[PDB]
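Virtual Cβ from ideal backbone geometry, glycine too; neighbours counted across all protein chains shown. Numbers and lists here come from the model and the stated rules, or from a named source; no laboratory instrument gave them.
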Amino acid sequence: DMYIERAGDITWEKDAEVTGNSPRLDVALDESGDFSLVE
Amino acid sequence: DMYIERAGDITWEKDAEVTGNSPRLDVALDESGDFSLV
Amino acid sequence: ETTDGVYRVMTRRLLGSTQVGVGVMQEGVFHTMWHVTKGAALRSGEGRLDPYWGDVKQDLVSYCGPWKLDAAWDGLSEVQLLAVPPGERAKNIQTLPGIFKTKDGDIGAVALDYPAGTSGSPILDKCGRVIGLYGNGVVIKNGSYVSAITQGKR
Amino acid sequence: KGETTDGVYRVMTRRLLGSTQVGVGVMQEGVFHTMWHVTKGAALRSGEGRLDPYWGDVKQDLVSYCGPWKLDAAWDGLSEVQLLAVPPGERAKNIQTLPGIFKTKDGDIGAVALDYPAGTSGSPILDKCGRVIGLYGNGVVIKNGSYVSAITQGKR
């Protein structure tokens, strides 16, 4: 039994917290939609 | 919870009663998956 | 049950057993029309079928995997509807398909009138390959039912 | 069908003891978009209030309600993006980041290297124009525990 309720508008913050890496990853995608790494 | 049970082998039967016409209709399919005419 | 073939879609929700529709099993994937199951889980007696793919506009839904059936009517040959009526033995009904003309193209249609619970029954080409499902169509001027040969994309 | 105004939505369940947030979603143009592994294709409530699934695909790990997929925006493969994170019991939160790349055999996919608690799936990825370019929740974890979610987008 699931339900939904609003959590906020969808809009860009013009001066938000900037972080995060940008990794180039060799990955795969199975029949069940799961990603896995390739070495 | 709906359940499934087998009905048979999906094959062609050489001995089958032929029926039904072959109409050519202009139809329209809505976003709700319901067909309709023009 | 994982064996290929045509299956009945049942529920004990009603007075007794009630056939809500038909489906086909092929390559571990169970195919049926969307309006039959509404995209819900299907018990296989000793097994469970999880939804994988579906589309309301196409009125199709596959289970345990992607849509496998990709055979198509050639536009000339006769076909056979494998009708699985509620409580009746499955039978082959041979006919020449009619045509649905849309703004996106032409679809094959069969002029075979059959009750609720038969929707999802296979429509086979000369080699027995499933080229579409029965159960989704229109009602002409007279009050008679015409169904399309609904095929999905693999 | 309940409140279907545009914006982000939490996907809640009452199947467990405490009301748990099992996912996030974006309502746009009358359609509720979210990850497949969140709802598993099951119908949703919205007050009283029900949404039937319209289209779904496990491999893409996406699903739409009340209509076809509406999110058509895409990452330019050059700019930074903001993850509108909606964590369980926590307010909506924007986190700006430059996406990596999931190098697959069938083209390459953008990927945000951000980790969040289980239940944040379906959070929309945004560009500097306010458009939804994909959803958060399906990806991998690397050598370090950190999560690298793909920018999962369908097609309008």
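Just checking, does the range D:54-65 include any residue being more than 20 Å from residue C:56 (Cα to Cα) and not basic (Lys, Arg)?
Here is the first cut: in the range D:54-65, the residues more than 20 Å from residue C:56 (Cα to Cα) are none.
No, the conditions are met nowhere in the range D:54-65.
Would you confirm whether any residue within the range D:62-74 is over 28 Å from residue C:40 (Cα atoms) and surrounded by fewer than 22 Cβ atoms within 10 Å (Cβ to Cβ)?
As a first pass, look at the range D:62-74 and keep what is over 28 Å from residue C:40 (Cα atoms): D:73-74.
Add one more test, that the residue is surrounded by fewer than 22 Cβ atoms within 10 Å (Cβ to Cβ), and what stays is D:73-74.
Yes, that holds for at least one residue.
May I ask you to verify whether residue D:143 is farther than 13 Å from residue D:74 by Cβ and of a type in the set (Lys, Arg)?
Values: farther than 13 Å from residue D:74 by Cβ: yes; of a type in the set (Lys, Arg): yes.
For residue D:143, the condition - farther than 13 Å from residue D:74 by Cβ and of a type in the set (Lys, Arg) - is met.
I need the full set of residues from the range C:66-88 which are under 21 Å from residue D:59 (Cβ atoms) and in contact with a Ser or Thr (Cβ under 9 Å, 6 or more places away or on another chain), in order please.
C:68, C:69 - these are the residues of the range C:66-88 that are under 21 Å from residue D:59 (Cβ atoms) and in contact with a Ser or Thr (Cβ under 9 Å, 6 or more places away or on another chain).
Please work out if residue C:24 is among the β-branched types (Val, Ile, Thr) and crowded, with 24+ Cβ neighbours inside 10 Å.
Numbers: among the β-branched types (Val, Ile, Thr): yes; crowded, with 24+ Cβ neighbours inside 10 Å: yes.
The answer is yes for residue C:24.
Would you be able to tell me the number of residues in the range D:140-156 that are assigned to a strand (DSSP E or B), hydrophobic (A, V, I, L, M, F, W, C) and surrounded by 18 or more Cβ atoms within 10 Å (Cβ to Cβ)? Can you show your working first?
First pass over the range D:140-156, keeping only residues assigned to a strand (DSSP E or B): D:140-141, D:147-150, D:152.
Next cut, hydrophobic (A, V, I, L, M, F, W, C) only: D:140-141, D:148, D:150.
Imposing the further condition that a residue be surrounded by 18 or more Cβ atoms within 10 Å (Cβ to Cβ) reduces the set to D:140, D:148, D:150.
Number of matching residues: 3.
Condition first: within 12 Å of chain B (Cβ to nearest Cβ) and not acidic (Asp, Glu). Now tell me which residues in the range C:52-72 satisfy that.
Going residue by residue through the range C:52-72, those that are within 12 Å of chain B (Cβ to nearest Cβ) are C:54-61, C:63-64, C:69, C:71.
Correct list: C:54, C:56, C:57, C:58, C:60, C:61, C:63, C:64, C:69, C:71.
So the check is Cβ under 8 Å with 6+ separation or different chains; which pairs have a first residue in the range B:14-38 that's facing chain C (nearest Cβ under 7 Å) and within 19 Å of residue C:135 (Cβ to Cβ) and a second one that's of a type in the set (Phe, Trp, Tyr) and surrounded by 15 or more Cβ atoms within 10 Å (Cβ to Cβ)?
B:25/C:100; B:27/B:35; B:27/C:100; B:28/B:35; B:29/B:35; B:33/C:34; B:35/C:100
Need a quick list: strands (runs of 3 or more DSSP E) entirely within the range D:85-139 having at least 2 residues that are touching a strand residue (DSSP E or B) at 6+ places or on another chain (Cβ under 8 Å), more than 7 Å from chain A (Cβ to nearest Cβ) and of a type outside the set (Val, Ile, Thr).
On the way: elements: D:93-97, D:100-103, D:108-112, D:124-126, D:132-135.
Once the strands (runs of 3 or more DSSP E) in the range D:85-139 are filtered for at least 2 residues that are touching a strand residue (DSSP E or B) at 6+ places or on another chain (Cβ under 8 Å), more than 7 Å from chain A (Cβ to nearest Cβ) and of a type outside the set (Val, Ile, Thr), what remains is D:108-112, D:132-135.
Of everything in chain A, what is on the phi > 0 side of the Ramachandran plot and touching a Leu at 6+ places or on another chain (Cβ under 8 Å)? Give them in sequence order.
Within chain A, A:8, A:20 meet the criteria.
Name the pairs whose Cβ atoms lie under 7 Å apart, with the first residue in the range D:8-29 and without any contact (Cβ under 8 Å) to a residue 12 or more places away in the chain, the second of a type in the set (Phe, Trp, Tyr), and 6 or more positions between them or separate chains?
D:12/A:3
If you go through the range D:62-77 one residue at a time, do you hit one that is touching a helix residue (DSSP H, G or I) at 6+ places or on another chain (Cβ under 8 Å) and outside the structural domain of residue D:147 (by CATH)? Can you show your working first?
So the first thing to find is which residues in the range D:62-77 are touching a helix residue (DSSP H, G or I) at 6+ places or on another chain (Cβ under 8 Å), and the list is D:62-63.
Cutting the leftovers down to outside the structural domain of residue D:147 (by CATH) gives us D:62-63.
Yes, the range D:62-77 has at least one match.
Quick check on this structure: which one of D:74, D:42 is part of a loop (DSSP other than H, G, I, E, B) and touching a residue at least 40 places away in the same chain (Cβ under 8 Å)? I'd like the intermediate steps shown before the answer.
Working: D:42 fails: touching a residue at least 40 places away in the same chain (Cβ under 8 Å).
Answer to the selection: D:74.
Do you know which of the residues in the range D:25-51 that are touching a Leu at 6+ places or on another chain (Cβ under 8 Å) and of a type in the set (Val, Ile, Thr) is nearest to the other protein chains (Cβ to nearest Cβ)?
Here is the first cut: in the range D:25-51, the residues touching a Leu at 6+ places or on another chain (Cβ under 8 Å) are D:26, D:28, D:32-36, D:43-45, D:50-51.
From what is left, the residues that are of a type in the set (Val, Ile, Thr) are D:26, D:34.
On the way: D:26: 6, D:34: 9 Å.
By that ranking, first place goes to D:26.
Condition first: touching a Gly at 6+ places or on another chain (Cβ under 9 Å) and part of a strand (DSSP E or B). Now tell me which residues in chain B satisfy that.
Hits for chain B are B:3, B:4, B:5, B:6, B:7, B:8, B:24, B:25, B:27, B:35.
Failed condition for residue C:7, given (1) assigned to a loop (DSSP other than H, G, I, E, B); (2) facing chain B (nearest Cβ under 7 Å); (3) aromatic (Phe, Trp, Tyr), with all others met?
(1)
So residue C:58 passes all but one of these: (1) polar (S, T, N, Q); (2) part of a loop (DSSP other than H, G, I, E, B); (3) more than 14 Å from residue C:152 (Cα to Cα); (4) not assigned by CATH to the domain that holds residue C:151. Which condition number does it fail?
Tallying (1) polar (S, T, N, Q); (2) part of a loop (DSSP other than H, G, I, E, B); (3) more than 14 Å from residue C:152 (Cα to Cα); (4) not assigned by CATH to the domain that holds residue C:151, residue C:58 fails exactly one: (3).
Regarding residue D:144, is this residue polar (S, T, N, Q) and within 9 Å of chain A (Cβ to nearest Cβ)? Talk me through it step by step, then tell me what you get.
Numbers: polar (S, T, N, Q): yes; within 9 Å of chain A (Cβ to nearest Cβ): no.
When the stated conditions are applied, residue D:144 does not pass them.
A quick yes/no check of all residues on (1) within 20 Å of residue C:89 (Cα to Cα); (2) touching an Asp or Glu at 6+ places or on another chain (Cβ under 6 Å); (3) assigned by CATH to the domain that holds residue C:131:
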{"site": "C:6", "(1), (2), (3)": "yes, no, no"}
{"site": "C:11", "(1), (2), (3)": "yes, no, no"}
{"site": "C:14", "(1), (2), (3)": "no, no, no"}
{"site": "C:18", "(1), (2), (3)": "yes, no, no"}
{"site": "C:28", "(1), (2), (3)": "no, no, no"}
{"site": "C:34", "(1), (2), (3)": "no, yes, no"}
{"site": "C:38", "(1), (2), (3)": "no, no, no"}
{"site": "C:43", "(1), (2), (3)": "no, yes, no"}
{"site": "C:49", "(1), (2), (3)": "no, no, no"}
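State whether one or more residues within the range C:106-129 are closer than 27 Å to residue C:40 by Cα and touching a helix residue (DSSP H, G or I) at 6+ places or on another chain (Cβ under 7 Å).
Yes, there is a match, as at least one residue in the range C:106-129 is closer than 27 Å to residue C:40 by Cα and touching a helix residue (DSSP H, G or I) at 6+ places or on another chain (Cβ under 7 Å).
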